[PDB]
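Results of the structural survey
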Amino acid sequence: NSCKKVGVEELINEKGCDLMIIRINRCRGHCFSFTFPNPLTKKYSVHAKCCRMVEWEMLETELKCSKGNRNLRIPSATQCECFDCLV
Amino acid sequence: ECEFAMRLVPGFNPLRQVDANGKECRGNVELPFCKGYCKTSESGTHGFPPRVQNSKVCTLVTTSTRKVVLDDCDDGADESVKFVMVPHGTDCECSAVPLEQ
């Protein structure tokens, strides 16, 4: 089980607006999971962990477009952990 | 990344099946078990939804269906409870379909 915080530079190159690099964080990892077909309930039985951001911060930035500036929002991870995939 | 194994699960050690008139058949049923460490991620994106999950679990690649026969039967049981149809395969793969259902 290893879910880690990873820095990401992200280039916004949209026609009309100025190029903008945004630095945010994302979670990436490997968590344990197991699954088997249950023919009694006729469905999959899943007991699984996924690498997810437990907490994050909103990152706001102004995008200087020629026909009107836009205000962008991106979640950026602050804690990455193996937690329920469906929660 | 994933690992395949035939395994006994609480509900099926042994499996009990009861028809009308109350007649029961019992018997161990091996189930196909996929386990391991899929590569997963969560990241922020623009717009809605604000989050993107590459969430995956070790799932069985179903390639056939097994008819497992239950042996220990009560006197005069229906044949419908003398078998179980179980999806069968030999390999596992990372997939989000179990997360969907």
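Summary of the structure given here.

**Description of the overall build of chain A**
A count of helices and strands for chain A gives 0 helices and 4 strands. Secondary structure elements in chain A, listed N-terminal to C-terminal, are β-β-β-β. A compact globule built from 87 residues would reach a C-alpha radius of gyration of about 12 Å, whereas chain A, at 19 Å, exceeds it by more than 25%. Dimensions of chain A along its principal axes, counting C-alpha atoms only, are 60 × 25 × 15 Å.

**Here we look at the pairing of strand β6 (residues 57-60) of chain B**
All names here are of chain B. Alternating positions in β6 separate into two faces, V57 and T59 on one and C58 and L60 on the other, with burial throughout. Bridging between β6 and strand β10 (residues 92-95) involves 4 bridges; their strand directions are antiparallel. From the neighbouring strand, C58 faces β10, where its bridge partner is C94.

**A closer look at the state of the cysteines**
All names here are of chain B. Throughout the structure, instances matching the rule amount to 9 disulfides over all chains. One disulfide bridge connects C25 with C73, the sulfur atoms lying 2.0 Å from each other. The S-S bond linking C25 to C73 shows a torsion near 115°; that makes this disulfide right-handed. Separated by 48 residues along the polypeptide, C25 in strand β3 (residues 24-27) and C73 in strand β8 (residues 72-73) bring together distant segments of the chain. Given the relative accessible area of 0%, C25 is considered buried. Shown here for chain B is a disulfide pattern of 1-5, 2-6, 3-7, 4-8, where each number marks a bonded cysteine counted in sequence order.

**Topic: the pairing of strand β2 (residues 20-38) of chain A**
Residues and elements named next belong to chain A. Where strand β1 (residues 2-12) lies against β2, 11 bridges are found, and the strand directions are antiparallel. For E9, the partnering residue across the bridge sits in β2 and is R23. Of the strand pairs in this sheet, β2 and strand β3 (residues 43-63) are connected by 6 bridges, and their pairing is antiparallel. Residue pairing in the sheet places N38 in a bridge with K43 of β3.

Scoring rules and cut-offs
Residues numbered from 1 in each chain as written, not as in the entry; some residues may be left out. Chains lettered and ligands numbered in written order. Heavy atoms only, no water. Helix = DSSP H or I, 4+ residues; strand = E, 2+ residues; numbered from the N terminus. Rg over C-alpha atoms; globule rule 2.2 N^0.38 Å. Buried < 20%, exposed > 50% of the residue type's maximum accessible area, 1.4 Å probe, protein only. Pairing = 2+ DSSP bridges. Disulfide = S-S within 2.5 Å.

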